[PDB]
Every structure is written in structure tokens, then in C-alpha cells.
Amino acid sequence: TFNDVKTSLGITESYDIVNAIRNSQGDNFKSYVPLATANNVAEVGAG
Amino acid sequence: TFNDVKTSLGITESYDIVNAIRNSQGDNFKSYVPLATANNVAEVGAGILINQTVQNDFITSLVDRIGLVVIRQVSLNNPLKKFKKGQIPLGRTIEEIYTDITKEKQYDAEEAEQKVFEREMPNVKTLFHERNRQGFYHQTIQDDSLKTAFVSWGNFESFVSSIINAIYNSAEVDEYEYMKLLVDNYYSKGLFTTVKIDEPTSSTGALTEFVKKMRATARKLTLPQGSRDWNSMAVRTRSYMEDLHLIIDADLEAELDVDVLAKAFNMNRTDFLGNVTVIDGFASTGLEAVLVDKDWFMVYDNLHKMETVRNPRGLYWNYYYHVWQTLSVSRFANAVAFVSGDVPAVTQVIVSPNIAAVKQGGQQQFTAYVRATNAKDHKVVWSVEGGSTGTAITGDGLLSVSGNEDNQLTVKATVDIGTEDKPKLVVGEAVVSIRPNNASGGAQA
Amino acid sequence: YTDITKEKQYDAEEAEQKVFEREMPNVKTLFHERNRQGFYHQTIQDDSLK
Amino acid sequence: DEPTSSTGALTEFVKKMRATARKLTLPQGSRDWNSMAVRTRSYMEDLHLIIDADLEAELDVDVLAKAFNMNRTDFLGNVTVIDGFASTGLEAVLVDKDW
Amino acid sequence: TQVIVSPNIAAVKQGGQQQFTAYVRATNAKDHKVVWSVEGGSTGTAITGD
Amino acid sequence: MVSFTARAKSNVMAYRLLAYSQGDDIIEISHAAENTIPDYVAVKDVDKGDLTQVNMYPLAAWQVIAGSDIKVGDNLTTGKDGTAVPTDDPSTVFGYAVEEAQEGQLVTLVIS
């Protein structure tokens, strides 16, 4: 029976991928710019 | 309509091929000399983009007509459609369940007089997935406007279906890049079990070490005994050799197959490095390649509808193809990254039981699983952050709940790396729900 | 040749006003004319070949 | 730069063929390697290497990656041996059967 | 070697606009800058930089 | 939009910056003078004696001919023939570039 819990629990985010695709201007995340629901997949796509 | 467009539209010639056949005096074009209609093939053999109209040679007033119409049927599969699981009609959440192994317990017929009914709880770890992708594809086909480009209903209806296929192709392009993101996601979260290498393109030999660290890893994943070393939940699991997949760049896989001579004659083997699934490069800066399981992709389908509309004023259709999918990965199911360049020394601290219902005044043994890249031992600072009621943990991870806690507390296993000037506190974290007991006490001895 | 298209996010709120938007497909073409017309011939003087 | 220039240059020319024949067959397709710049895609049975015989046997002997896979069709395309192209510097054409 | 221009064929209304995409075949791994230009015997009708 | 009738008085070229003046019971238009702030942008060629219209609307950005090479973010002013050129004198700035343009190419601009 749990109260407030995150999706990042034991997660050591070496870089944030959401900010990486957002701040991308052709630095290898250019393939994710036309990707529609990218933020919601990378949010809870680690199970 | 158009005019004034030559056959040289967009073409920047390196040398004119028709002077070269003309001026050929024992040169290397000399086999193009006996060709009768050589000067005609050179003019429009590269294709024509704009379709000039051509009069007939015998009767100038007649117009030479378009004969065959070829409609290209080129399909774009997902490379990873073989990793996608079934369909889910109803519901949203998927629940994984992995029941781990237990200990051995020597047969002793004297200890058996009292330890009947002993209550050993099984070691189940669960993991949840929800629907993530929810998007649609969109073509308009004007049916009546396309009846002028097509003189037969074979070629007309074949072209209509080639716009539906471009919708189906557009799905397996984006499903690729979504599933490609999950590797970029999971490594950015720090959930891969990384394997540090040097940059493989820097030298041969550095290539040859990299094929060693892949062939050694691949046999370690497919050990039948299993290991707690290669997934981000650290249960004891195995893989299979046929179900192991090496997701690798096209340029890097090209280097290994030519330079590292052992891998060369072991192409068309499914068991030297698993099934090599060549894709293009990863968006993560260091991630060179990845061994991964078939049960890694928890990729499920939810909705495949092509709902249609018709505009009567415009005399067209809209074709709306909806693709809804669960796109997440299993934190079970062994997965290994291969990362060049600068890595952290410790990438993850996996704390067993990451979820606990612990009684007031009870206890719970926690265990950290320090995933280090080097071969070094690392100190785990266990902590209890949260709570309000003086609960404390021991130095090896035995929690001891303070009898009247009544507050949710989370249990952290800190491994400081780097130096004391920049302490890089890699922290794993469990949680504990505090259950009441209504017990007496307050002091001991 | 019919090329591929882009993904749009499922938004039911935005879907109220634009069901009748139209996407032109990214279709391209090529044209191939008849390039070659040749003959070549050999005589068979077959009564003298007997 | 030139395959006949050194034996270490032959290994580079085969690493550019194995790299390129993989990108031409990627199931997700690619805009590149194409003049109409559309995301097209080959198979491996659909690829074809049209190369001069002098360059071709030079590869089969020295690059031992090729010497095992000389009797296969998946390392490169179906190797079509010709007497050679007429343009200066043209050595090999990796190309589709739909080309 | 080759600069390839998206929608090589276009039919554009007099109040409208069409997106044109450059595709560069660079041998060396260099991101070469593309200059857009428009030529046509009437007046006006210019392209932006992108 | 709000449309009104205006007459060209000097060979209006498309995508050029325009100015206007009070003429014979009609607003007359022509290419904006060098180093100033333009009022309207052409989107059709209209000859010296031709009569046309103007579509009023607070456009976010204009697409005009670059009179010289333009870098993203450059403040722009009128140049030769009503083209847009880079500057640094605030009083002549009418907008700024949001995209690169080479001389003779269109450059999108944001009004200020």
C-alpha cells in the first residue's frame, strides 16, 4: 500500500533523453524529431 | 504543363560520355564504338523526370503513347517485427511476474520436529507496462482526379493500394524508431549492464578485443545455470543462443567481419554472437553495440484500425490508420551494452526487494547489486531517508523498523564513486510500507 | 513510386475541427523511352552450301 | 582511394563494400544511396556487385573475409564479373536488380 | 557530387507556397551549406533561406 | 483579412519590400527606399501603371528577397530595390531573420 512514488526510482539518468531530443539540432537525435509521441514512450518505457 | 526542360534537369556531369565515345582512339571506350544506337541510350537512358511528349518517327502527327505503367511495390519492414509480442484488445496495463529461485536447506530429521510450517515466502518480482504510443497516419486519395492518369482499372486500383501500403510502410518505419528509442532510453536511464571497451575504430586489435568481449558475454548470457549479473532487476535468469540478438551499427559490423578473421567465416552462424540485427547508429553518444534478449522487448499491439471519411464536396477520401502500442522493455531478460570511451565506474545499484511490506518492529534483509564496469569492490552506504520515527538500517542492509513508525520510508544503497571533491553518489533505492502491529514494548534489555 | 509519410499524435481535441484535412501523397515518377532500334543480318546461300 | 595501391588498401575497399551492402538492405529503408532520394530498400538476393575481374580476384586472394565467402551470396551481392567500366576511377558498382 | 531537390516538380497557387528539400551527396563527411535560389522570367516569387 | 485597392507607381516586383504614398485619390505603391522601414510586401508583380490590392493582416513574418547574405537572427532593413539586408541601426530595423538566406534567396522575417 504505497503513497507518492516516482517512475524514476533506482534510475541514475546519465543524461535526460527528453531534454536531449528537445535540445536537438541535428546531433544524432534528429531521427526522433519527427517522432510523434516520443515523450510519453521515454517516460514509462523502462517498465 | 511545362516547357524548356531538357534531359539535363538537376544533372551535373563529370564528363560528357558522348564526346568520349566519339573521340575514342584506342581508348577504354573502344568497345562502345561498334554500338549502333549508342548516342540515343546516352541521352535518355538515365530516366526522364518531366515526360516530354514524343512524336512518332514514321507519322509525325501521331504521338507515341505511354505503354507499360510500372507501379513500384517496395516494402519497408521493421527489422524488429520479430521481437513484437501479441495483441491486447482490452485493458491498458501489462503485468510481468518473475518468480526467482530459493536456497537449499540440508535435510536434517531432527530439525524437522519443529520446522514444519516454516513460512518461506517466494521471491517474486513484478514489473508493469502501459500503453505508450498512440498515433495515426493520414493519406488523402482523390479518386476521381486520379482517373485521368490511369486508363485501366487494373493500374488504377493498383495505385490506390500503393497508397495504403505507404501507410503500412510508414508504420513500420516509426515502429522501428520507437523501438530504437527504447535502447536509447534504457541506456540513458542507466539500466544497461555496460561493458567498457576502447573505441573500436581506433585500431585493429582494439577491434579484436571487442569481439572477445562480445563472444565472452554471449556465452555468459546463455549459460544454462543463469546469473544475477546481466539484467537490471538482478534475478537469476538465462537466455538462449538462438534468442540472443546483437543490435549493432552497420559500419561497426562491417569492420568486424573483415578485420577480425574469426568472425568472418562465422557469418551465417546464429550462435557465434547470436542473431546480428544490423541497424544504423544509436543516438546515445557512446553506445557501440548491444546484446539483448528476445524477451527484452515487451512490445504489444493495441489498435490497428483504418477508419475512413469521404468529402463529397472535394470528391476525395481520408484514410486514417491508427496504431496504438505498448512500447516498453523488460527489466528482466538479460541485456548487455557495449560502451566505448568515458564511462562511470559504477552504473547502477540494484537493491533487492525494491518493494516491501514490513511490520512495525519487524525486519527485512536488503541486498545491493553494484554493477561496476571495472573490476573493483565498492562500498555500499545503506541509508533510510524518509520516515519520521527514528527507524535505522544496519551497515549490511538489514532494516529494523522502530515499532511505531506509521510513515512510508524508502531505503537507499549509496555507492559513492569519483573523488571526494565531486562525490558521484550512485544511489539505488527500495521502498518500504510500514504495517501496524499493535505491540507493546519501548525499551529492551 | 509512392514514398512514406509522417506520424501525427492521437489528439481527440484537435480532431474535432480537421477530419477533412488532406495529405497529398509523396508520389514521384520516372519515364523510360525506347532507346535501341537495331538489326543485323546474315545471308545463308544454302544451295551452294550443299 | 585506390585498391591496387597497397594490400592494406584492399582491406579498406572491402570494408566499404560490406558497410554499404548492409545499409542498402536495411528493412527500415533509407533516403540515401539513390538519386530520387526516396526511402527505398534492397534485399540481399537483390544486390549485385558489378566489378572488374582484375580487381575481383585481387580481393578473393588477399581479403580472407572474402576468401571463405567466395562461394556465397550474402557477404556482398551476386558478384557479376565484367571486363570493366570505361570511366576513369570507376571500380565497382553495387546496385539493385530493380536498377 | 549530386544535390537533390525535394519536390522537383511542383504546382503552386499564386497565393501559396511549397517546401523544397535539399539532399546532398557529399563524399567527405562534411555538412555543406545549401544556397536556395529561384529563377523565372516574371517578377517577385522568392525563396527563404531554408 | 482586410483588403483594399492600391495602384503601383513603379514596377512592383514580388517579394520586395514596399512603401506607399498618397496619389490621385488612391494609395500608390512602390519599392521601399533604401535604409528604412517598409509598410507592405509584394507577392505579385504589378507594373508601373497596374492597379492591384493589398491584403491587411498582422503577419507574423514576411518572405522577402535577401539583398545580401543573411545570418539567422540578423536585424534587417530595406536595401537596394526593396530587398532586405542586414544592419545594426535600430531606427531602420523592421524585423529580423529566423533563417539563413543567400543573396537572391527568400528570407523569412519576424516583424518588430
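Points worth noting:
- The coefficient of translational diffusion for chain F, derived via Stokes-Einstein from the alpha carbon Kirkwood radius under 25 °C and 0.890 mPa s, stands at 177 µm²/s.
- Restriction of the trypsin sites (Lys or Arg not before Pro) in region B:357-410 to DSSP coil positions whose beta-carbon has at most 14 other beta-carbons within 10 angstrom yields B:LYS376, B:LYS379.
- Peptide F:102-112 has a mean shielding of 4, counted as Cβ atoms of other protein chains within 10 Å of each residue's Cβ.
- Only the Cβ atoms of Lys and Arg (+1) and of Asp and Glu (-1) were treated as charged; on that basis the dipole of chain B about its Cα centre amounts to roughly 660 debye.
- Sorting the segments F:57-70, B:282-295 by their mean number of nearby beta carbons within 10 angstrom, highest to lowest, gives B:282-295, F:57-70.
- Amide H within-cut-off set for F:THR52, under 5 Å, with H built and near neighbours excluded: F:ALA6, F:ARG7, F:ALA8
- When the Cα gyration tensor is reduced to axis lengths a ≥ b ≥ c, the ratio a/c is 1.5 or higher for region B:103-152, and with a/b above b/c it is classed as prolate.
- Footprinting exposure proxy for B:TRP296, D:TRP99 (fewest neighbouring C-beta atoms within 10 Å first): D:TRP99, B:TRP296
- Across peptide B:179-189, the mean count of Cβ atoms from other chains lying within 10 Å of each residue's own Cβ comes to 6.
- Calculated FRET efficiency for the pair D:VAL61/C:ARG36, C-beta based, R₀ 30 Å, to 0.05: 0.20
- For region B:15-104: rounded, prolate or oblate by the Cα gyration tensor [a/c cutoff 1.5]: oblate
- Scattering curve values for region B:92-191, log₁₀ I(q)/I(0), Debye with Cα scatterers, q = 0.14, 0.25 Å⁻¹: -0.84, -1.30
- Binned Cα-Cα distance frequencies in region F:1-63 - 5 Å width, integer %: 4, 19, 32, 27, 14, 3, 0
- Helix B:153-188 vs. chain B, principal-axis angle (Cα, 0 to 90°, nearest 10): 30 degrees
- Taking every residue in B:131-143 and counting other chain Cβ atoms within 10 Å of its Cβ, the average works out to 6.
- For chain E, the Cα gyration tensor yields ellipsoid semi-axes of 25, 11, 10 Å (square root of five times each eigenvalue, largest first, whole Å).
- Overall form of region B:123-280 per C-alpha gyration tensor (a/c, 1.5; a/b vs b/c): prolate
- Nearest 10 degrees, 0 to 90: helix D:7-23 Cα axis against chain D principal axis: 20 degrees
- Within chain B, percent of DSSP bridges classed antiparallel, to nearest 5: 85 percent
- Net charge dipole size for region B:1-51 [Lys, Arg +1 and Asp, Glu -1 on Cβ; Debye, nearest 20]: 120 debye
- Folded to 0 to 90 degrees: helix D:53-62 orientation relative to chain D principal axis, Cα: 80 degrees
- Note that chain B shows a convex hull volume over its alpha carbon atoms of 309 Å³ per residue.
- Sites listed here are GluC sites (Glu not before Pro) in region B:56-111 whose DSSP assignment is loop and whose Cβ has at most 14 other Cβ atoms within 10 Å: B:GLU104, B:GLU110.
- Distance distribution P(r), region B:310-410, all Cα-Cα pairs, bin width 10 angstrom from 0: 11, 27, 20, 17, 8, 7, 7, 2 percent.
- Under-5 Å amide H pairs with B:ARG435, H placed in peptide plane, nonlocal only: B:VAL358, B:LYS359, B:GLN360
- For region B:67-84 versus region F:73-112, the inter-centroid distance based on Cα atoms is 46 Å.
- Once the C-beta distance of F:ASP47 and B:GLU157 is scaled by a Förster radius of 56 Å, the resulting FRET efficiency is 0.70 to the nearest 0.05.
- In chain B, the calculated helix contribution to ellipticity at 222 nm averages -5500 deg cm²/dmol per residue, counting -39,500 (n - 2.57) for every DSSP H run with n ≥ 4.
- Residue with peak Gaussian network fluctuation, chain F [Cα springs, cutoff 10 Å], from F:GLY73, F:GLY23, F:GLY95: F:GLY23
- For region F:1-90, the list of trypsin sites (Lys or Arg not before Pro) that fall in a loop by DSSP and count at most 16 other C-beta atoms within 10 angstrom reads F:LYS48, F:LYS71.
- Scanning residues 5 or more positions from B:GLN364 or on other chains, those with amide H under 5 Å from its amide H are B:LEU399, with H placed 1.01 Å from N in the peptide plane.
- Convex hull projection area averaged over all views, the protein assembly as shown, Cα basis, nm²: 57.4 nm²
- With neighbours defined as other Cβ atoms within 10 Å of a residue's Cβ, the residues B:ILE350, E:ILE4 order from fewest to most as E:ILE4, B:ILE350.
- Relative contact order of chain B, defined on C-alpha pairs under 8 angstrom at six or more residues apart (%): 14 percent
Quick note: the coordinates plus some simple rules give every number you see, no bench work behind them. When we count neighbours, we look across all protein chains shown, and the Cβ atoms used for this are built from the backbone with ideal geometry, even at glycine.
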